Structures are given as structure tokens and as C-alpha cells.
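First comes the structure, then the notes that go with it.
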Amino acid sequence: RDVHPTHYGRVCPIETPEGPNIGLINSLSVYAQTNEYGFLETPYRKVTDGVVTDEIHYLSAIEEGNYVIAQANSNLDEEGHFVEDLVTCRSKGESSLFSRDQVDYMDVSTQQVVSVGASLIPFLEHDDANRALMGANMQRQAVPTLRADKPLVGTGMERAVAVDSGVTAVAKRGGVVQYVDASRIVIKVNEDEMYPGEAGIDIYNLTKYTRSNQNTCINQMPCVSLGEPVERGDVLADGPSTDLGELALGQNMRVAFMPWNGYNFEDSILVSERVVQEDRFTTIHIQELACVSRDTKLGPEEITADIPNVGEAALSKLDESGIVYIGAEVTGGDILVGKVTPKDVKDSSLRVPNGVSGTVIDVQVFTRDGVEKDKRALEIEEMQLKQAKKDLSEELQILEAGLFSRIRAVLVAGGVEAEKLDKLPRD
Amino acid sequence: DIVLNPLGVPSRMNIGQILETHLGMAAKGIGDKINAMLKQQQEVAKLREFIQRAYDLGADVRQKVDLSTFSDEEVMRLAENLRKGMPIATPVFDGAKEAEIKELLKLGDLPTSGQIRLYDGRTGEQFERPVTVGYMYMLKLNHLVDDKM
Amino acid sequence: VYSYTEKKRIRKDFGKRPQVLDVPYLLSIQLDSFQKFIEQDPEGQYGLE
Amino acid sequence: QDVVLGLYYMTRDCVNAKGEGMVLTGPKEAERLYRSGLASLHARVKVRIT
Amino acid sequence: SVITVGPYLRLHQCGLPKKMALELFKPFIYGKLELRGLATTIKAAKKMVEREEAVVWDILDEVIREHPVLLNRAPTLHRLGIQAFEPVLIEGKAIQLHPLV
Amino acid sequence: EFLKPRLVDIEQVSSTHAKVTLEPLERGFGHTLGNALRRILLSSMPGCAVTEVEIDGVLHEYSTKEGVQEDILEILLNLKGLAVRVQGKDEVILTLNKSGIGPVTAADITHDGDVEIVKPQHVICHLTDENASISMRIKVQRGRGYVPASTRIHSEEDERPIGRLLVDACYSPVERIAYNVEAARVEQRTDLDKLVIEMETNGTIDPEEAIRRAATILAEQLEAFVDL
Amino acid sequence: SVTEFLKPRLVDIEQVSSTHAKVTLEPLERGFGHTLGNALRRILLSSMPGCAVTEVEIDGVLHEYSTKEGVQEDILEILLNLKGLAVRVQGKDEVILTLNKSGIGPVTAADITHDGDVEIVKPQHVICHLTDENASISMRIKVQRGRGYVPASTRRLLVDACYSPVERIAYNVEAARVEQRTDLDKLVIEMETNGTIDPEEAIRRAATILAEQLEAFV
Amino acid sequence: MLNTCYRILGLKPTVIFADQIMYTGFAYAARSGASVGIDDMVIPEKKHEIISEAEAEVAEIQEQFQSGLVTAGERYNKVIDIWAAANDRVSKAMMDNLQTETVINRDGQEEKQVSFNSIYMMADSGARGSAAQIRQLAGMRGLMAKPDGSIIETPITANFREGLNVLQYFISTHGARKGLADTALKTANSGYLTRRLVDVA
């Protein structure tokens, strides 16, 4: 788990998972490259004629030891000539104020040594290291918010990181948002980017309120207006914790560092109850609860609305198929999914868990291959089909628009009365 | 909104919190002057001058932008985004200088030290010393109490 | 040339030293590995080839 | 820490403080004077100590 | 439950999650209510507990009076690491704790 | 011989922010009075707020509608930013019908006179499609302070309608408070004070009326202490 | 109702002593209990009016700090004792109090050659300790009406105008549970009067003064 | 005082005094209305001059070693010594400026007094923090050792608030990781030791 001078600007220098894996796991540095063999060909400004040529020497460890590279923070003239003679240069793994002549390549970037969360550190130089690593791990341990706030103080890469995130919507091609809707967003891709068969209409169905690996929220909520012209690759829909094109994690709170009658010491959290009433840090949990109609020996696990020794009120949230209605208010212990086993029948009702009460968000009934689907599942399929037919008919509408437009243009060129053409239906 | 025991400062030696609070206060004040001109419905030229000088604040900063190039409609949209405050960038080993924070607070019309004489509301009396108070972004972990219960 | 999303927000960058090199696309390693895994390479140096 | 902090603060003394060299009969007197702000908490004053 | 820094409580006082408190003396509560005569059926006692009655809440306040119960904070290094305190119900789910403890 | 300073003037800084000065005031008594009044006004200022959400055809509150710019949860998030001075009401089911492509505003709330939308300029929603339309029933209720609706959830033991979405009520519309203790000029006695109390609200009540109600509450509390 | 605020339920005034006692008030409006506590604290701190021996024309006094002969006290200590001298008077705004005493022994507050218009809280309270039999005590003290605890330097041996007739006072905010509600606050008030006023009477008086100040906004 | 209370006041009176003291300390601290300012980190005035003198000494030593007058090991030891001495002088000047504050008398005569410098306060108070931490934050991080423990004779003349040299930051990173890993390792054995003792008893 030790750190070697060989790792100088090589890998994640502060990033380290805790626990038994302490030191067992590292991560890639920011701006160092990789040799075909898997060695750190760390980019470095080839200091050509002492001037740090734009030539980026993606340098390996032996080459690193084989070259004298000065610090990226070193002051140099406009011509790239170092201001000082004894330039602080990392030479053969030994960094020292080496002569201006001694310089071989130049360090690529200040963040090159740093990793991602490492480059995210604000004013890290004026700070210490241990709590830095702690907050670094915490940044991984951060939970998703409900409303986003750009960290007012930036290190720059936050927008870059968000771009790297990709959970948000980016422009496949450039254009203006042709049709903006809550679920389906159509962007008029410019003809320049439009391929010959391509419509030039960009559709991006945004993510919205999805359960994560931690059963956490996922919403790539829209972040643009209809018809707004944009360049290809531009961010479109505000992803979960992705806002204003920047990695949105913190909530810039005006605070003071002073104790308050023992309510604040030992890192106690002093909180304005207004924020609570404002719910400035509220959240949601979407824990998937799946019920399986297991084919059991005396008959399959009969997930059905008919449950003996049960009350009708307990069946309120469940649909006529026993399906907890989309959004149905459930209770801890309540019978969310009427299921049965043979006794005649032993009620196997997949009740919503004790202490689990709330709105029944969705019911993904995946019947076994060879097992029919309920009207609820049929309806879910119908809704998916409606959405798919909507997108498909949008594409086909653009296509038929082009076709009928060409037809009408040919008709006008052929003297067919555009007045009578317009008066007649398009068909 | 929040308050912290200043004891852990020399303990954790993480003066980055102090820098963060000071910069947050300065930038909040700058964006506050901006939003004041906005509520004042001042000249888009005047608002432009303020916003530009703010972006133009700093010396030898790698970034250089011109709001004149930004359309007047674009200037308006940019200010509208910047209504809540003035977001700034300061990369690792490229953070703002102390004098830079001082200038930002000056444009923020905020105290130079960042320590304010905020009277305690419960006490009903002025704080005995100027209290370092400022804006900073915090985070909450997936360590919900409901899980711990 | 200035991006529309970049003109939309200009954070007052305190960065003084030139950003000589562009930030690398972070997805480099995983993408490269998957590509080397997926392709049918005539060289037969890596991948199923 | 915090308790020790307040302890030192009360223990902290000032020269030329808010009303140096006064007489407080007892804890009630000084409690009034400082609680009313008539004197700084860090003021050196003679008081009848029973 | 997560330990909370109950700076208000006395050395003997303990900050007991009132919901967790309810989870605790539930049989003791049922006994109190039968002693209060209001509880005629244990199932009814469970329901009134489920009713979370103010009468139930008041009876809980009564039962809590000087009825300290064991408490422990890991790790078991010194025998002082586990101690009970006079438990006073605190509305919620946090373990408010005395300062010097 | 305690001279009771009266409500000198109310110079409305804005519709929701105003200036109130008090004078002539006893030495130091003004400071205590200001702190107390600030706390009181912030405490239980009676007010009104949208409480329950009823929109036709919405099942889960975590949902969205086609042609609606935002989601139902986001719809409530926007609805939280409402300020109005309602008259003679305690629980009103408001209406806001908007249609066609465009943003629904506070004026777009289908409104009767019983509620005076303090800032009708405020934006309600944004129907993004010409085929898109909005119409919903908004339960606006009176109250005071900031009360989470989840508390009301168990209170309404009767099953709320599927979509009878509840919203927390910060019925107290005070925005901010401040108090400048200045010296009132009254003859030669320098101890007279001109306390300048700065009040920011949501604009749903006048500074003077709020001050009077607050004084009423303060004396009502003080009844026992006087009974000492 | 909406404006319906929780009026406190009279708990007790723990009459710890004649001048020191504890006041219990519960329930109390959340923080409005605390607000009222701070308010009454400030009031009693400053609004307590009363007489006060300000300028004592003690015979042969030339130095503010000196050692008295034949009396166990210093002149500065005697000035502090004169400020301490507490009494319940009536009808005079300013009074010059005469103290006729002599002989070996402690001068109590009864040793003042005083008229009947003022009732000494503790005539026993040792005015001094006249050590010598040959020692004779002669002094006039300007018992003057006032309010609060004005310093002597805020102003004939000047003495601090501690016309505030309260030795000390304290307040504590506790929490109360109302049936199922539990966020309610509880007000505990500790008062150390100067004895010349009864505790509950003083509390009523301060509340009346505050309300009278508050009338013009009612 | 608490010990004297346990002695004389025995148990219960001591406990009562303690609870009162706790409440009083919280109250007096809240009213103490003091915070910590980034400006409070007064870097030593002649810290640069000290660094320059240390550089001159190192230059002479390197000249002698290059001249052969100093052994390479002798050079390393002498450089480590010079750096440590400079760090000591820097921390000394830092604390000297810190703990003391000049004040005009009640007669207006200016006079040094125990500084209310919040850092120097918390130091003289000692409620938390180390004078070493003072040297790290506003004095000098001093000469660190190589991760092997070999005294890396380069002294980190900068201060924590003053900002970290990238080289210095990396240098300190080694020792930091060493400490973290050491704690991680030591988290184990005491449990086995105690289990053995208990099973014995």
C-alpha cells in the first residue's frame, strides 16, 4: 500500500479505498497517457531547445528517469524560456532546481499528477492532506440530491466531469430543439449534420426518476428550450445531479465557524430549520420490490387478487389483478401483491414490507416465457407500444412530410394548382 | 443557515474550508450586487459593465471572455443564470489568491476579513468577536438515519 | 469559436497558468479495452482474432 | 474543547478593559454588570470573595 | 441507532428515540395500560400502541420516569464503554447523549 | 413613566418588503422590544398556503405530463413559490387552467376574488405544446409557520384520493426581518429611541397589521407573567 | 384556532428564599418562551427602578480609597457597604441618610440615624465594624431614586446607582410534551431579588411595565 | 479543579459542579463570539529571510561537498540540521508573534499582552491544536523525511495556509499515507491481546 517516488504524477495519489482494501486499489491520474504495453506514458511538454515544445512527450517510467522534466508551475518567459536558471526539475526521479539547460521535457499540467476527485479539490494547496483524502472518499460516498446547485466555487473540471458523466443528454448532432416534451424531446438536427438518409430530427428520451444500484434516483431531467440552436455534443437534459453543464453536488450555504452553546461542537451540524422547511437537501428512495409467481409443486405461486382471510380495504391499493395501482398509497405490511399458494389455497400474498409505506410507483410484471400476461401487464405493453408508435410515427411524419413536399413541389413545377393542392387533403 | 464549531480547524488543518467560505461569501456578494442591479432593473449596459468587470476581475487568469461578444439577449440570459450569485473557477494549484478573494469581496461589497459582527439571535447581543461567516457548499452522504435505526 | 453552453456560463476562472493541453476524455481506458476486445483484428495481436 | 474554550474565554483578561479596576460585591453584581454589558467579561476587577 | 449529542441532557438523562422507545416498552406499555385499566385485550393494547395514543404517549412518559435501561456504545474497550442512563423520550429516531460521556 | 412608542410609519420598501420605525423608545428597551417582535413575527405569523394538489389524470406524484415542461413533483416545487393575501378564507380549492404552448403564470390560475394573488406575474407552469393544456385543483389553506404535509398525511386517516397530493405549508409569509435601533428626537431627553424595524414578507399582509397581531399575541402570552 | 397560542399553565414559583426564588412556566411557545425570558431578563436587569444611596457626604472623607481608623473597614470598603445598603422607602425621590454610630463593634444597617420614611431591608446588615470604643461614626448618604444599576462613574462620595432592586435573575427553557405533541417548550425562571420586592410581585410589575411600553402598538 | 472536587466535594457535589460547569462552558463559549479567520494565519514576517539564510547555508555546504570539503553523508546531515534549525526558528518567531498582542494601557501606554489571536488564543488555551500545527499552518512545514525515513533535506519552508508546493505536497503525501496505513494495521492486534487476557481471567 506504500507510494513510490516512481508514482510521481502517475496514478491516483490521494484516492484510496478504505477498509482491508486500504492501499490495495488505486486509480488513473488525470493527464498521463498509457503505452501500448500498459505503462504510464505520462504526457510531458517536450522541452525543445529548453522551450517546452507543444510536443507532448507521453513519457514512460524509464524515460521519466531518462529525462529531466521541470515542474509545470515553473515560471518561463513568453518564448517558453524559463525565467530562472536553476529550474526546479524532476530529474531521474530526483526533483531539484536543475539548470535551465538540464531541462529535457516539461510537466504537462498541474492536474496531470492529480486524479479526478483530486483535481476537484478546492484550494488544496493551502490545505492539508488527511482530511483531504477523507473528503475525497466522501465525494464517492456522496448521496444524490433532489434539487441541484452548482458549487459556487469551481475548480473548472466540474463542468468537464459532468460532460464526462454522460448520464445527462448530449447532442448526437447539432441543431435546435424541434419538439420539446416532458418525455420525448425532438431536436432539429441541422441539414449540415443530417446524413442523406437521416431526417435531421434528433430525438432523445430523457431519464426521469429511476432506481439506481443503491435503489437511488435517476432523472436526466430536460435542461433546454424548444428550438434552441446548439452545437453537436452539447448538453441537453439535466441529468441526476448534473445541472448547468456542471457537476452539481454541493449546496452553497452561508455559514459561520463558531460554537453555539454546545449544540455545534464535536462537528455537530447546526442547521437552519428553514432549509428543512425548504427541504433544500431532500431526497427519495426507490427500492424495487419484485414478486415472483414461482411454479410450485402443488401449483404455482398464485399471484392473484383473490386472497382468503384478507380484507377488501387491504386490497384497495391493488388493482383488480391484485396489482398495487401505479402510485397507490401502500402501508408497511399492507398486501401490495395478492399472491397465493395451495393450502385449498395458502395465501402467499407478497405484502409490501413492514415499515414500507408509500406510493406504488410501478409494477414490472415479467410473466415467465410461456406464461400469459395480465390486463395490467397488457396495458404496460400497450403504453410502451404507444410510446414507440409515437416516436416511430414522428419519424414517419417527418418522412411523409418530405415526400409530400417533394410531390407538391413537382406538382407546382408541373402547373398543378398549389391553391387546389392546398385546398385538397395531403393524401 | 449553518454553523460549525471552529475547533476542528487547526485539528484537521483543512484551511480549505476557510478558503471555501471566504470565496463563497465574496462571490455571493458579487452576484448579489449583480442581482441588485437586476432588481434595480438597471441598464443592460450597466449590468453588462458589472458582469464584465466581475468576469474581468483577476490578473493573468488563463480564462478571458468578453460579454460584449455575448449578445444583449445573451448578456441578459447570462445574468439571469448568474442571478443567485457569481460562480467562479479556480483549479487545483490554480486557486485564487488571498488578494483575489479580497478583490472579489470588494466587488462583493463584503468585509475584507470575512469575519462579520453577526449578533446571536438567541443571545440578543452582538458576537464578542468578528465571526468568520461565509457561503460554502456542503454534502450529505447515503448514511440515512432510517438505515441506522 | 465559443460554445453556446460555454457562453451560457462563464465562471470567473482563477486559473492563471495556461491550460496548454486539453483535458483527456476520461473514458479512454475502458473504451480502448472494450474496442480491443470486440474487433476482429487482422493483426491477431489482441482480441478474439 | 468547547467547554475549555468558554473557560479560557472567561479566564481571558484584558488590559484597559471595559471598566477596569471596579468593585463588584459578589457574583450577582458582576453578573449584572457584564450581562448588562456595563463591563467586558475580560475585565480585571476586585470583588468580595466569600 | 445513531448516537446524537444531546447537550441539553443531564449526566443521568438519556435521549431516547421516542419511536424506538415505543418499540421498547411495548409490553411494558401494554402492562401499564392494563394497569391503567384501559387495556382489556392484549391485542387491543397492541392496537392502541398502533394508535400511538397521546394517552399511550402520556403513559409512556409516565413509565419512562426513572426507569433507566441499559445502553452501550461500541467498541467494548473499557467497562465504561457501556452504561445506562435515566432515559427521557426524545421525539424521533436519534440517540441524544450527554456531553462528557 | 414609560412612554409607549407607537407605530410611527410604514414606508413600504416593496410589496413584500417594507420599513417600519418605532419611537420614542426607552434606552435599551428598544433593543429587547425589537428582538422580541422579530422572533414573534417570525414565529406564528398566520398565513395561507396551497396544501393539497389535485390534477386530473395524474396517479403518482412522481410523474410528468406530455407537453408539460416539468414533472408533477417539479410542478409542486414550482407551486411552493406562491404568495397571496387571501381574504376570509382558511381552506380553498383553487383552480389554474392553462392551454396551448406557453408558460402558465400566477394569473393563469383560474381565480376568484376571495384570494388576491400577490404576484400574478409569477409563473405557474409551462405547457410546451399547442396540444398541451393544464388544469388542476389546488387546495390552498390558511395557517401559520412551516408545517410539513407528511405530518398531515397520517392526520387524514381517511384515504386521500389517488393523486390527492399534499404539500407542506409555510403559511407564515414573512420573508425577512431586521431592526435598526436609532435615537428618537424628542425635546432634550436623549434616551428616546427611534427603532427602525425592517420587515420583509411575502407581501400578504401589511407591516402595521402584522405588528398589531404580533403585539396581541405577545400580550396574550404575557398575561400569565402579569398575573404574577 | 390559528392565532391560538399555547397559554402557559401555572406550574410553581419555587420560593427558594425571600429574595431568591425559582419560577416555573410550562408549556411555553417554542422560543417565544425563550424570547419572553430574554425580554423579562433585560427588563428586570434595567427597568427595576428604586432609591439609591449615590453621594455619601461622610465626615472627614477626603480620599475615595483610604483605611478607616477604629473601624474594621476601609473608606473604599465603607463606600461599597453604602452601595450595598438596601432599604424599602416611600415618598422621597432623594434622601440624605444619616448614620449615627460609635464604639467598638460592628455597625449594622440599623446603626443609621434614619427617619421612618424608609424601611431598611436588613437593619442587621452590617453597615461597618467600628473596631474602637473611642471610634465614632458620622455620615450622610444621598439615598436617591433611580432605575437600573447606573455606575457611580456613570455620574459627596458617589456610589453606583444600583437602583435596580434585583440581586440576580436567571431563566431556563425546557421542553414540554402536549398529549401527543412534544415540541412544546417549558420556561424555568430563577430570580434573586434585592428583597425589597416580592418575587411574583416583581414579575407582575415588570410584565406590566413591558405591556405599558407595548400599548401603543396594541 | 475537577480532581479537587472529586477529592473534597466527594462524588455527588463534584458531579453537580461538573454539570453546572459544562452548561456554563457552553454558554460562555457561545457568548465568546469568536471564530477563526483565514487572515488570522499570520505567516512569520521574516520567514522569507530565514529561508534565505537557510539557502545560503545549504549553498555553502554544497560548495564544500562539491569542493570535497564536505562528505556527501556529511552534506546530507548538515543540510538536515540547517533545515531543522530554520524550522525551529520559524516556529519560534511564529509563536512569538502569535501569543502576544500589544495594547495601549488604560493610561494609553502601548504594551504587549496575551494576544487574543484566535489561533494564538486556542493555542494558549490549548483546547485543541499543536504549536507544530501552528508551524505547519502559518510557520513552515519544515524538512520532511523520505518515505523510507531518510531525512529529505529539502525543507518545506511554506506553510499550510500559505499553500503547498507540488513537490512538497507529494513529499508529505508519503508520510500521510504511511500514517493512515499504520492506523489501519494497528486497528487489529489489541483485540486479540484483550481476548487472551480475558480468557485467562
Original post:
Of G:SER66, H:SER118, G:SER46, how do they rank once you tally other Cβ atoms within 10 Å and put the fewest first?
Top reply: G:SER66, G:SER46, H:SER118
**OP:** Go ahead and collect, in residue order, the members of region A:333-357 whose backbone nitrogen is under 20 Å from a label point 7 Å along the Cα-Cβ direction of A:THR296.
**Re:** A:333-354
Subject >> H:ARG195, E:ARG79 arranged by Cβ crowding within 10 Å, fewest neighbours leading >> reply: E:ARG79, H:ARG195
Subject >> Rounded D (µm²/s) - region H:38-186, Kirkwood Rh over Cα pairs, Stokes-Einstein at 25 °C, 0.890 mPa s >> reply: 144
Original post:
Computed on alpha carbon atoms, what radius of gyration and Dmax characterise chain F, expressed in Å?
Top reply: 21.7, 73
Original post:
Counting other Cβ atoms within 10 Å of each Cβ, which GluC sites (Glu not before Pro) in region B:14-107 have at most 10 and sit in a DSSP loop?
Top reply: none
Original post:
Which loop-located GluC sites (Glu not before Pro) does region G:13-77 contain, where loop means any DSSP state but H, G, I, E or B and the Cβ has at most 14 other Cβ atoms within 10 Å?
Top reply: G:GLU57, G:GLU64, G:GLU69
Original post:
Considering the alpha-carbon set of region F:47-171 alone, what are its Rg and its Dmax in angstrom?
Top reply: 14.0, 40
**OP:** Work out the charge dipole of the protein assembly as shown with +1 on the Cβ of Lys and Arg and -1 on the Cβ of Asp and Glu about the Cα centre, then indicate which of F:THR105, E:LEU11, D:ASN16 is farthest towards its positive end.
**Re:** E:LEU11
Original post:
Which residues' amide hydrogens lie under 5 Å from the amide hydrogen of D:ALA43, considering only partners 5 or more residues apart or on another chain, with H built in the peptide plane?
Top reply: D:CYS14
Subject >> Separation of alpha-carbon centers, region F:7-69 and region H:4-82, rounded to whole Å >> reply: 50
Original post:
Among B:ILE88, B:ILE34, B:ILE51, which one shows the biggest mean-square fluctuation in a GNM of chain B, springs joining Cα atoms closer than 10 Å?
Top reply: B:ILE88
**OP:** Beyond 25 Å between alpha-carbons counts as too far, so tell me which of C:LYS12/H:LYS47; C:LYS16/H:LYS146; F:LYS80/F:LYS119; H:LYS46/H:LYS112 fall in that bin.
**Re:** C:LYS12/H:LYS47; C:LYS16/H:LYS146
Subject >> Fraction of antiparallel bridges per DSSP, the protein assembly as shown only, in percent to nearest 5 >> reply: 90
Original post:
What is the distance, in nm, between label points placed 7 Å from the Cα along the Cα-to-Cβ direction at F:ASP191 and at H:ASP182?
Top reply: 6.6
Original post:
Within region G:50-163, how many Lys pairs sit with Cα atoms under 19 Å apart, leaving out pairs fewer than 8 places apart on the same chain?
Top reply: 10
**OP:** Kindly provide the pair-distance distribution of region B:33-141 built from C-alpha pairs, with 10 Å bins from 0 and whole-percent values in order of increasing distance.
**Re:** 12, 35, 32, 17, 4, 0
Subject >> Alpha-carbon centroids, region A:43-122 and region E:26-64: separation in whole Å >> reply: 75
Original post:
Can you give the % of DSSP beta bridges in chain E that are antiparallel, to the nearest 5?
Top reply: 25
Subject >> 13 Å Cα-Cα reach of B:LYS64 towards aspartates and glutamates, excluding residues that sit fewer than 8 places from it in its own chain >> reply: B:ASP56, C:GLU6, C:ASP13
Subject >> 5 angstrom amide H check on H:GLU111, placed H, neighbours 5+ away >> reply: H:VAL103, H:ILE104, H:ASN105
Original post:
Between A:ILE62 and F:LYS89, what is the spin-label point distance in nm, taking each point 7 Å from the Cα along the Cα→C-beta axis?
Top reply: 8.2
**OP:** Would you list, by chain and number, the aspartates and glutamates whose Cα falls below 18 Å from the Cα of E:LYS19, excluding same-chain residues fewer than 8 positions away?
**Re:** B:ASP146, B:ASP147, E:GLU50, E:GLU52, E:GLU53, E:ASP58, E:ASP61, E:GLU62, E:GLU86, E:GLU91, G:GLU179, G:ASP183
Original post:
What are the extents of the Cα atoms of chain A along their three principal axes, listed from largest to smallest and rounded to whole Å?
Top reply: 89, 82, 51
Subject >> Whole-angstrom Cα spans of region A:383-427 along principal axes, big to small >> reply: 45, 17, 9
Original post:
Could you give the dipole magnitude of the protein assembly as shown about its Cα centre, charging the beta-carbon of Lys and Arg +1 and that of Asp and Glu -1, in debye to the nearest 20?
Top reply: 3200
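Between Rg and the Kirkwood Rh of region A:284-323, both from Cα atoms, what is the Rg to Rh ratio? Display every interim value, and only then the final one.
Numbers: Rg = 12.7 Å, Rh = 12.1 Å.
Value, to two decimals: 1.05.
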Subject >> Euclidean distance between Cα centres, region F:179-212 to region G:132-152, Å >> reply: 41
Original post:
Are there GluC sites (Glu not before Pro) in region A:366-407 that DSSP puts in a loop and that have at most 11 other Cβ atoms within 10 Å, and which ones?
Top reply: A:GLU372
Original post:
Counting only residues 5 or more places away or on other chains, whose amide H sits under 5 Å from the amide H of A:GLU329 once H atoms are built in the peptide plane?
Top reply: A:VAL360
Subject >> GNM flexibility winner over chain B from B:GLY124, B:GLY108, B:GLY95 (Cα, springs under 10 Å) >> reply: B:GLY124
Subject >> Likely footprinting exposure, C:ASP41, A:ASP181, A:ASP347, fewest C-beta neighbours within 10 Å first >> reply: C:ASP41, A:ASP347, A:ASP181
Original post:
Say a paramagnetic label sat at a point 7 Å from the Cα of A:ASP306, along Cα to Cβ; which residues of region A:340-364 have their backbone N under 19 Å from it?
Top reply: A:340-350
Original post:
What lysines sit close enough to A:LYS188 to cross-link, taking a C-alpha to C-alpha distance under 27 Å and skipping anything fewer than 8 places away on the same chain?
Top reply: A:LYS172, A:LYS208, A:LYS386, A:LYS389, A:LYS390, C:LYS7, C:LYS8, F:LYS65, F:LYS98
**OP:** With springs only between Cα atoms under 10 Å apart, run a GNM on chain F and tell me which of F:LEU59, F:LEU82, F:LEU94 wobbles the most.
**Re:** F:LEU59
Original post:
When the helix-only estimate is applied to the protein assembly as shown (DSSP H runs of n ≥ 4, each -39,500 (n - 2.57), divided by the residue count), what is the mean residue ellipticity at 222 nm, nearest 500 deg cm²/dmol?
Top reply: -9500 deg cm²/dmol
Original post:
Over the protein assembly as shown, how many percent of alpha carbon pairs lie in each 10 Å bin up to the one with the longest distance?
Top reply: 1, 6, 12, 16, 18, 17, 13, 9, 5, 2, 1, 0, 0, 0, 0
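FYI the Cβ positions are ideal-geometry reconstructions off the backbone, even for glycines, and counts take in every protein chain you see. Laboratory data are not the source of any read-out in this text; all were calculated from the coordinates shown.
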